[PDB]
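Chain letters run A, B, ... following the sequence lines, proteins first, then strands; residues in each count from 1. Quick note: numbers below take in every heavy atom, side chains included, and nothing from hydrogens, waters or symmetry partners.
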Amino acid sequence: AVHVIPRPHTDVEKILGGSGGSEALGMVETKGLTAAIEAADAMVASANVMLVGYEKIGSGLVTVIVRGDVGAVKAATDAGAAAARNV
Amino acid sequence: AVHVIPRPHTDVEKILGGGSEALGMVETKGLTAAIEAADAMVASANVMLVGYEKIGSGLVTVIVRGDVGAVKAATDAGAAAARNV
Amino acid sequence: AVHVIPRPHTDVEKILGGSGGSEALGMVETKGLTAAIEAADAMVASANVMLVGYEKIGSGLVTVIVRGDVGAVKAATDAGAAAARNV
Amino acid sequence: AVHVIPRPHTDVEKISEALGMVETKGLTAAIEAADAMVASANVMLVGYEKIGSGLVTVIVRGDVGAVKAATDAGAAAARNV
Amino acid sequence: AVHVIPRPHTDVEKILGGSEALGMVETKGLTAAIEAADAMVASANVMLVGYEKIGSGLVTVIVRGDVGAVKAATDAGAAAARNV
Amino acid sequence: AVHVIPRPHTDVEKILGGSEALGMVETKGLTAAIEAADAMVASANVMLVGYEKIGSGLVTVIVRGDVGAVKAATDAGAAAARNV
Amino acid sequence: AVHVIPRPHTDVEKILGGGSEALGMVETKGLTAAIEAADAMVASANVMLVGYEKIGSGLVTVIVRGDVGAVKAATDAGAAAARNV
Amino acid sequence: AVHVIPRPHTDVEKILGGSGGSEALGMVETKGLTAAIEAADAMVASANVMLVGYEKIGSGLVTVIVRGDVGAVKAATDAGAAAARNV
Amino acid sequence: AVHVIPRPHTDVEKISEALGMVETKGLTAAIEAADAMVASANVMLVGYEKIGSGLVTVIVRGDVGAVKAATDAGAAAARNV
Amino acid sequence: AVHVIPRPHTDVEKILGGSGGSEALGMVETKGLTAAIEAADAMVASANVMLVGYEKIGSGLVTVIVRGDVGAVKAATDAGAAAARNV
Amino acid sequence: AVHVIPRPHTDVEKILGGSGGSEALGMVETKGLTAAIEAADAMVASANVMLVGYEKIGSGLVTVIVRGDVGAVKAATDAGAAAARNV
Amino acid sequence: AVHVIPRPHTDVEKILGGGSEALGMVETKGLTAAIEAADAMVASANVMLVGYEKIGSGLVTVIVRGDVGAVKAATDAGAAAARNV
Amino acid sequence: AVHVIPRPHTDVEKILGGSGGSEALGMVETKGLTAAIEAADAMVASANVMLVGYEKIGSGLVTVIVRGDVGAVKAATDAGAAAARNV
Amino acid sequence: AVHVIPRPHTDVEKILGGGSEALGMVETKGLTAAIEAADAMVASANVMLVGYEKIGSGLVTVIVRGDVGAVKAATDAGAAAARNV
Amino acid sequence: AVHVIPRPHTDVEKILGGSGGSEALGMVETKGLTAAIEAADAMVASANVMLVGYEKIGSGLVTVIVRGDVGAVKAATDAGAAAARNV
Amino acid sequence: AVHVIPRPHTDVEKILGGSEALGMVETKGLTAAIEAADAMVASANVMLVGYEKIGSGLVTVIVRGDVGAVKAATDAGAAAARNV
Amino acid sequence: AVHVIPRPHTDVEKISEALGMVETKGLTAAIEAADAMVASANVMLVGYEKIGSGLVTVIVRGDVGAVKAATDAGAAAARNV
Amino acid sequence: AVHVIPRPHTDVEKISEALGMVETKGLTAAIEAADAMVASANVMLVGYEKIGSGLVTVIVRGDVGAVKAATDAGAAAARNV
Amino acid sequence: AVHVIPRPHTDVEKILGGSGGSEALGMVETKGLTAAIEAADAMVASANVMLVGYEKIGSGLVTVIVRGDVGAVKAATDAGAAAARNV
Amino acid sequence: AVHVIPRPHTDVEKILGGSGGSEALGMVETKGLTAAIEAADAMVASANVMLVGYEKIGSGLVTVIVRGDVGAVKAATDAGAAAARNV
Amino acid sequence: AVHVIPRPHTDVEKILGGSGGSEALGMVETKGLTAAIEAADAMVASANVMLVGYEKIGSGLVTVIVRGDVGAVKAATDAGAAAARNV
Amino acid sequence: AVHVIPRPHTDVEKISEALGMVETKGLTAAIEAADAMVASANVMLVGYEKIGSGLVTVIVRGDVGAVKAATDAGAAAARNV
Amino acid sequence: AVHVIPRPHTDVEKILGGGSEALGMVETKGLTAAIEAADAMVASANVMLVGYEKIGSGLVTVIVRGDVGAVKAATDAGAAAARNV
Amino acid sequence: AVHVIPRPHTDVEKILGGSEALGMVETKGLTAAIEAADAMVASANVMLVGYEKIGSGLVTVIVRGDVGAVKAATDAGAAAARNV
């Protein structure tokens with residue numbers, strides 16, 4: 001699952017940490033920490049986005065979160081997901 | 001499970017992160033549905049986000065608090081958004 | 001699939017139609033034309049969105065598309081999806 | 001699926017009173033349904049929608065009452081072919 | 001399915017007249033449609049109305065004309081479609 | 001599993017006291033946990049210690065108090081969790 | 001099916017989009033093979049593209065018109081290109 | 001299926017619309033309209049290409065088409081396909 | 001099978017305007033279909049054909065329009081028994 | 001079965017009816033009465049043959065019979081068979 | 001089934017039609033009207049017998065009946081049955 | 001089924017083709033057994049043939065009428081002949 | 001398969017050899033040459049017909065052809081087929 | 001397969017047994033259907049019989065030649081007759 | 001099948017060839033051409049018969065035919081069959 | 001099977017010359033044979049030799065000519081046969 | 001089957017020295033076998049027999065020794081295609 | 001898994017003498033194990049690690065000997081619930 | 001999965017922690033906490049790397065992370081993986 | 001796989017060889033070396049392309065590569081593929 | 001498999017050819033030569049990397065190798081792998 | 001697969017008269033095929049191609065006739081090992 | 001197979017690409033594990049890389065040479081790295 | 001397969017002489033090849049020619065020499081390959 005949530009409410013974003021009114025959040029759900037880190041690295045390499053965190057939701061699933069302006073987040077989440085395939 | 005607990009005792013609500021008129025809980029699959037549900041909830045009604053509880057197996061349970069009518073409306077909004085992702 | 005694309009390039013939205021910039025596009029994939037029209041109706045009833053068109057992609061699948069501000073499109077697609085389920 | 005939607009928003013019907021839909025299998029069932037609808041009630045054919053897999057959805061518009069009657073007629077004719 | 005509808009209402013012939021009858025030959029693939037069409041306008045005094053693409057590779061050819069012509073035309077049309 | 005541990009060592013109650021006993025109700029999902037918690041503090045003079053998320057959707061609610069209270073509280077807690 | 005219909009009646013050819021000496025039809029899987037077949041066809045012989053017919057199930061039937069020899073050659077060219085993608 | 005057809009004949013391109021002598025056409029075949037739009041959006045974001053259309057060939061399949069110079073079309077079709085995976 | 005044949009040659013109808021046929025299962029469905037046909041439209045019963053396996057084919061004649069309407073009526077009645 | 005018997009003895013044709021000598025008899029076995037009548041209609045329309053009768057032989061099978069010169073009967077039975085197929 | 005009934009009672013024969021005291025009746029049971037007619041034709045061709053009728057007893061079965069003197073009926077029923085095989 | 005109906009009402013007997021003391025019915029398979037049963041029946045007893053009823057599936061039911069004793073004897077005769085063919 | 005074609009066109013008959021306007025052709029399809037010859041022999045023994053040939057159409061199938069007046073051909077083809085069964 | 005080949009090259013047509021406007025081919029099962037198809041073909045249109053090709057497995061392919069419209073009509077006639085036997 | 005037809009009508013033997021009356025014809029159906037030729041060779045070696053021809057009836061089956069007096073043909077076909085078995 | 005035999009001995013070309021090469025296209029049914037034949041004499045300077053009916057519906061078309069022509073001709077022939 | 005028959009009676013060979021037979025699968029294997037036979041030994045091609053099911057039997061004649069050699073050659077070539 | 005690791009590097013234990021680990025199923029088995037450990041030997045509870053799937057790993061530290069004894073005690077208690 | 005990411009963006013390494021640039025990060029995914037700690041211990045024992053933390057990603061999986069120069073991280077992850085296997 | 005890559009970077013074409021810029025490269029994957037050589041031969045015979053080399057990628061698979069203008073390469077690969085099929 | 005080996009030893013890199021002390025090597029393992037070339041092309045298009053070669057390791061597997069500075073190699077290998085999916 | 005290609009374009013043979021190919025299984029069958037080819041006919045070995053899965057394709061060149069003969073020889077030798 | 005051959009004869013070692021005290025061979029799956037094994041090997045001990053042998057089925061066998069103790073240590077290092085990728 | 005080819009033609013020894021015989025040991029994996037090679041040059045007066053990688057992990061070692069040497073050498077070679 002790759003997802004861009006546009007215009008989230010501050011409370012919604014703050015609880016994930018990074019209290020801001022970000023124009024968008026991008027999420028790449030990965031399997032295992034290797035895919036997670038490679039995804040994150042690919043993400044900050046590809047666009048002007050900030051890493052918000054890795055959410056370990058159990059069962060080896062790590063969902064990587066970035067924040068930033070819309071266009072950057074769209075581009076970053078695609079890069080992050082592609083990088084996850086490649087590990 | 002989508003659920004509303006009506007007069008949460010203070011200990012019960014505090015530990016989840018004040019004494020509120022009701023608590024709403026929407027259990028979602030994955031973090032994306034969780035944030036969408038959270039977002040639809042605080043948007044659809046006068047409720048405040050309490051937090052996300054990651055209870056394992058990819059499950060994230062979103063919790064809101066507020067007055068009864070609002071929390072009912074919020075939880076329905078949340079559940080719908082969680083489905084659609 | 002129920003989906004919101006935030007900030008569509010104008011080229012992308014223009015092809016779907018018509019000649020517009022929109023803070024967002026919402027898509028509701030429905031089964032059959034009655035579910036599509038009920039969805040279409042609930043979407044423009046629930047929020048300040050404009051109907052963009054219905055896409056008949058085969059197999060009885062009809063995808064209804066709306067445009068508008070982020071908030072309205074988020075709300076409208078949820079309304080539309082619900083309507084589609086109920087027929 | 002046979003369906004009558006009561007107050008289509010103008011935008012929705014563009015893309016008043018009522019809309020009727022008869023989903024038929026094949027074009028032959030579609031036309032028989034269409035002919036039966038416009039013969040049986042004071043309604044107007046709006047068009048046929050080809051939604052794939054041989055399914056053709058016939059659309060009529062009119063007063064609620066006429067559309068209710070028309071759609072039952074249309075569905076019966078499509079069965080009988 | 002080969003079908004002749006006997007007094008099509010004018011609105012029903014939205015597709016393309018007050019014509020005495022409509023004939024329909026449901027065919028498999030565009031080749032069978034074109035062969036059906038060609039055999040139809042050849043076997044009788046009928047006029048092609050069009051081909052309807054309804055999905056699943058199915059194409060339904062539509063002809064119009066007098067009853068006798070349309071009856072004969074569709075029969076020819078169906079047979080042409082078989083032989084391809 | 002519903003469980004009462006009778007004289008928990010002070011270190012063991014790292015989780016959150018010298019309290020006479022600890023009660024534990026292992027629940028399925030956060031709703032069952034909260035309902036269990038609420039029913040527990042209602043049925044007896046016990047104090048909530050916290051909920052432990054141990055994975056697989058399982059949440060274990062922890063209460064502390066006198067033995068009699070904790071026995072009754074956990075029984076109520078388990079029953080509340082059943083009914084949701 | 002790869003097919004050549006030899007003396008298309010005018011109604012038959014017009015509705016597909018003048019009266020031509022022959023029609024060629026190449027049925028392809030997906031739009032890529034369709035465009036490749038179309039391309040190989042107008043390149044391999046003196047034929048003119050009539051259109052693509054999307055008949056469902058991912059099938060696209062490419063139609064060309066021209067004199068008999070050319071249309072025969074074109075259709076073979078088209079079918080070959082459609083295979084190779 | 002991802003494909004770049006180089007040097008297509010004008011008639012071949014015109015019938016798809018966009019009558020031009022494009023140096024190349026790129027095609028990304030997608031499933032459903034969500035993958036189609038995300039692909040198109042990713043495509044115009046990644047390179048100097050023009051959207052030609054979405055071709056609904058039945059069975060839920062939508063094939064997105066772009067035109068432009070060769071290098072841009074190569075890059076765009078890769079971006080479009082990756083975006084389609086991510087939905 | 002429900003069918004309307006438009007210009008039966010006289011020899012064919014002996015063995016004008018139109019013929020309608022409702023194929024029913026059993027005699028009880030046949031008669032209900034017959035009663036529904038002659039009640040619902042200005043048509044005449046021609047006869048019932050026993051073609052075996054309990055199948056009875058009911059025949060009406062009349063104007064095209066009446067026969068179209070009658071046959072849909074006949075088929076509906078046969079279902080409902 | 002579609003069949004032409006050439007030169008039927010009069011006794012044979014008389015029983016079927018009626019009191020006639022015919023260069024040939026043609027038989028089209030149809031399924032159901034609508035297929036029989038459509039067949040009957042196509043036969044007397046296609047050639048100089050006379051309808052002899054329909055035989056209800058059970059199981060929904062109706063066999064249509066014509067008489068005439070060899071050529072007409074050959075042509076008529078093919079026409080009749082075709083009509084029967086198409087309903 | 002091929003059968004020759006010898007010396008039947010008049011009532012027994014009359015109800016089949018052809019009221020006579022025939023020396024014998026011959027019966028060839030056939031499947032479908034093609035086998036029936038070919039059988040009948042073969043029957044009147046082979047011997048001095050009279051066609052009595054084709055009895056449609058359901059399930060596509062047609063039983064052909066002839067009457068005449070014994071020897072002719074014996075010969076005819078054999079010819080009729082052989083002809084039925086051959087279709 | 002081999003059957004004797006004892007005092008047929010007039011309507012019942014007429015429709016089958018006078019008021020008789022009894023009716024006999026022998027249901028046979030095929031026309032050969034029917035004629036044999038008919039033949040054995042009118043031969044074995046003082047009964048008169050009423051007709052053959054072709055009720056489908058190759059079944060032919062032979063009906064005779066006459067006084068009770070005769071009809072009993074006839075029906076047994078008929079059934080036996082029908083078996084043996 | 002046993003068949004009598006009545007009134008065939010000369011070209012149709014000539015290509016089989018025996019250029020004539022025969023009143024009829026009879027065909028008995030047999031398996032193997034033993035059935036073929038026994039059939040042919042039975043055929044010329046039973047009626048005034050001329051042997052046209054044995055057509056070997058593959059898979060051990062030999063179709064025996066005779067020509068002559070209608071009645072003879074009808075009788076001969078029945079004799080030929082019966083003889084084929086008997087080997 | 002029922003088929004019309006539109007401008008047969010001379011070598012192609014000669015070897016089958018002059019240069020014709022079109023060739024028609026009807027593939028039949030057994031010789032009976034072949035002769036019936038041949039017969040219906042030369043009767044239904046202005047076409048001339050070329051021959052029967054016995055290609056094995058009981059298959060006989062009938063070939064006619066003539067102008068395009070006639071050959072189209074003939075082949076349809078032939079195929080129909082072949083079915084009905 | 002190994003077979004002897006006694007007293008073939010001349011029409012029957014002439015078609016097989018050639019222009020002859022023979023007290024009998026013998027047929028040996030063999031598998032493949034080597035078995036046929038070995039059979040052919042053993043037949044004309046064992047008795048006063050004349051080779052008539054070999055019939056290729058498909059499926060690799062070749063049927064060898066001889067003519068002669070009854071006794072020779074009886075003997076020759078047995079010889080031929082034996083030879084065919086042994087290859 | 002499509003096959004080119006490079007220097008066929010004169011006796012081997014019994015079938016129908018000293019011709020530089022023979023090409024063979026084995027086809028399914030007579031339609032595929034004729035289409036193969038037609039495509040062959042069209043694509044190259046080759047001469048048809050004949051069609052061999054070898055049973056099981058299989059017909060093998062034979063062409064003769066220079067090597068380059070026969071190579072190209074048979075390739076065309078095989079492709080024509082595919083498309084029918 | 002590959003076979004050499006030693007003294008074919010003249011009648012048999014019509015319908016001396018020796019006959020050779022190579023049974024091949026398909027015409028392509030047949031010709032390769034034929035070419036190999038007439039190239040490999042001093043024999044003459046007699047003909048090819050189409051006996052159905054795609055089987056073609058190639059025939060050569062010559063001295064016994066030549067025919068023995070030719071037939072082995074013919075069979076090898078047919079395998080290799 | 002019950003395990004005693006002998007000289008954890010300080011960085012490792014941060015994220016001396018010895019470390020003991022008792023992997024238990026569920027929190028109830030975890031606490032019983034914990035109580036048994038700190039009661040049975042002179043060791044200190046370090047913490048419980050929730051590693052998912054209901055598994056809780058209890059950690060103690062102390063001298064090698066005490067940790068060896070403690071961990072056997074902890075594992076026994078977890079079984080018995 | 002055993003993995004080395006070379007040159008992690010600081011944003012990537014900072015989230016994992018703590019505030020550092022590193023020529024590389026190494027990750028050892030272990031089963032259970034004893035395997036993780038043994039791995040952790042072997043890694044800092046085998047090379048000049050610093051323990052970064054352990055990630056509990058669920059299902060009993062613990063991923064140990066180290067930072068350092070390329071060579072040390074390469075060596076340390078192999079050491080760590082080996083240790084994890086042996087418990 | 002039959003494939004045409006339009007406008008290959010020189011680095012890409014140079015490795016395959018040799019030192020060239022080409023409007024396109026064509027690749028025909030063949031089974032076995034005879035199919036490859038036949039393909040190679042048909043490609044340089046059908047169009048103005050130059051053979052680049054054959055790649056033996058294992059499993060009996062040989063991939064033939066050509067270079068040239070777009071049109072020639074399009075034509076040549078189709079020719080090559082056809083040749084490969086026919087052996 | 002996609003892999004970036006950082007800081008390899010010269011001997012390790014030289015034997016692959018391209019004797020250099022590259023800051024990194026990137027490897028994209030592909031199936032067949034089409035995926036290999038499209039990957040390579042995508043690779044040199046996306047970043048400042050040099051093609052080292054295609055290694056045919058059997059079973060249709062071709063592993064594409066690039067060399068360059070770390071960031072470029074990371075980006076290139078992701079582009080190469082994505083391109084391989086798309087064929 | 002055994003194959004003789006008649007006029008290889010020079011570019012093709014680089015990467016006249018004729019080329020012969022014998023595809024063998026394993027290297028031992030390859031060499032026996034090679035030895036048999038160069039012994040049996042006036043041809044030259046071109047090389048052996050290792051195309052994977054143990055398959056080795058042996059190549060000879062020469063006049064058409066020699067190459068035809070050589071390749072049959074090569075294939076026979078490879079079978080017999 | 002991970003293997004050390006102790007006194008390679010000169011012919012044996014030369015053909016693989018001087019006379020060395022021992023040879024080490026690590027057979028890996030894919031080129032990535034091969035390069036990693038090669039890298040870990042020349043790093044872990046005083047050994048020199050000889051080459052990679054691609055023996056099919058995706059298998060690459062890395063060969064090093066050096067003194068006995070070093071080659072033993074190198075091969076163990078190589079095998080470990082090959083596993084971990 | 002272990003094989004000795006008795007008088008290899010000079011061209012056939014393209015691989016690497018007029019040598020009286022060639023010996024071949026087909027081995028599984030490179031270790032078995034090297035061990036086979038080493039055992040071969042040790043057991044007899046033969047010279048290594050090379051190893052051929054033919055795919056599927058199979059490596060065939062080639063030796064040359066006098067017949068007696070090559071016979072003995074390959075036997076040793078095959079045995080060495082077994083024991084690894």
Side-chain angles (χ1 to χ4, degrees), chain J residues 4 6 23-24 47 69-75 77-78, chain M residues 3-6 8-13 15-27 49-57 63-70 73, chain N residues 2-5 8 10 12-47 49-55 59-64 66-85, chain O residues 15, chain P residues 30-31 34 51 53:
Chain J
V4 174
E23 286 187 354
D69 289 357
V70 183
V73 175
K74 284 196 214 170
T77 60
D78 285 347
Chain M
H3 194 70
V4 175
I5 165 169
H9 293 251
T10 64
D11 279 344
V12 173
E13 178 174 352
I15 290 177
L16 295 169
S19 50
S22 301
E23 196 165 282
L25 290 185
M27 288 107 65
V49 300
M50 288 267 302
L51 261 181
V52 169
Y54 316 116
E55 292 299 308
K56 307 180 283 289
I57 59 177
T63 294
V64 187
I65 305 174
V66 295
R67 66 174 183 259
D69 289 355
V70 182
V73 174
Chain N
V2 184
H3 194 71
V4 171
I5 178 165
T10 309
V12 178
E13 178 175 352
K14 289 193 316 283
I15 287 179
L16 294 167
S20 178
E21 196 168 285
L23 290 185
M25 291 109 65
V26 180
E27 188 175 274
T28 70
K29 309 182 189 189
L31 200 64
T32 289
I35 297 172
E36 290 288 345
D39 204 63
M41 281 182 260
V42 303
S44 74
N46 193 352
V47 302
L49 205 52
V50 172
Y52 316 114
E53 294 302 310
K54 305 187 281 285
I55 60 176
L59 299 173
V60 184
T61 295
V62 186
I63 312 176
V64 300
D67 291 355
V68 183
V71 176
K72 288 196 216 172
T75 60
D76 280 340
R83 285 190 201 94
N84 304 341
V85 290
Chain O
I15 298 319
Chain P
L30 198 66
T31 77
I34 294 172
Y51 57 94
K53 309 186 284 286

Shortest non-hydrogen contact between [X] and [Y], atoms and distance:
{"X": "N:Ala74", "Y": "N:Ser44", "answer": "CA-OG, 3.6 Å"}
{"X": "N:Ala38", "Y": "N:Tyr52", "answer": "CB-CE2, 3.8 Å"}
{"X": "N:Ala37", "Y": "N:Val26", "answer": "CB-CG1, 4.4 Å"}

### Message
Checking M:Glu55 now: which residues fulfil side-chain hydrogen bond (donor to acceptor under 3.5 Å, both in side chains) with it, not counting sequence neighbours?
### Response
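Once residues adjacent in sequence are excluded, the partners of M:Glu55 under the side-chain hydrogen bond (donor to acceptor under 3.5 Å, both in side chains) criterion are N:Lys54.
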Just verifying a value: how many Å separate [X] [atom1] and [Y] [atom2], rounded to the nearest 0.5 Å?
{"X": "N:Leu16", "Y": "N:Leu23", "atom1": "CG", "atom2": "CG", "result": "7.0 Å"}
{"X": "J:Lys74", "Y": "J:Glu23", "atom1": "NZ", "atom2": "CD", "result": "11.0 Å"}
{"X": "N:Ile63", "Y": "N:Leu49", "atom1": "CD1", "atom2": "CG", "result": "9.0 Å"}

My understanding is that only residues two or more places apart in sequence, or in another chain, count here; which of them pass side-chain contact (heavy atoms from CB on, under 4.5 Å) with [X]?
{"X": "P:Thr31", "result": "N:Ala1, N:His3, N:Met25, P:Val84"}
{"X": "N:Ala81", "result": "J:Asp78, N:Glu36, N:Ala40"}
{"X": "N:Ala80", "result": "N:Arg83"}
{"X": "N:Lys29", "result": "N:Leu59"}

If we only count heavy atoms from C-beta on, is the [X] to [Y] side-chain gap below 4.5 Å?
{"X": "N:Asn84", "Y": "J:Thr77", "result": "no"}
{"X": "N:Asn46", "Y": "N:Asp67", "result": "no"}
{"X": "N:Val50", "Y": "M:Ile15", "result": "no"}
{"X": "J:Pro6", "Y": "M:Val4", "result": "yes"}

### Query
Hey, mind stepping through N:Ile35 and N:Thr28 against side-chain contact (heavy atoms from CB on, under 4.5 Å) and telling me if it holds?
CA-CA 9 Å; N:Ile35 297 172; N:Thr28 70; over 6 Å; no
### Worked verdict on M:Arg67 versus M:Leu16 for side-chain contact (heavy atoms from CB on, under 4.5 Å)
CA-CA 11 Å; M:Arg67 66 174 183 259; M:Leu16 295 169; over 6 Å; no
### Query
Any donor and acceptor pair, going by atom type alone, linking the side chain of N:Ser20 with main-chain N or O of N:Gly66 inside 3.5 Å?
yes
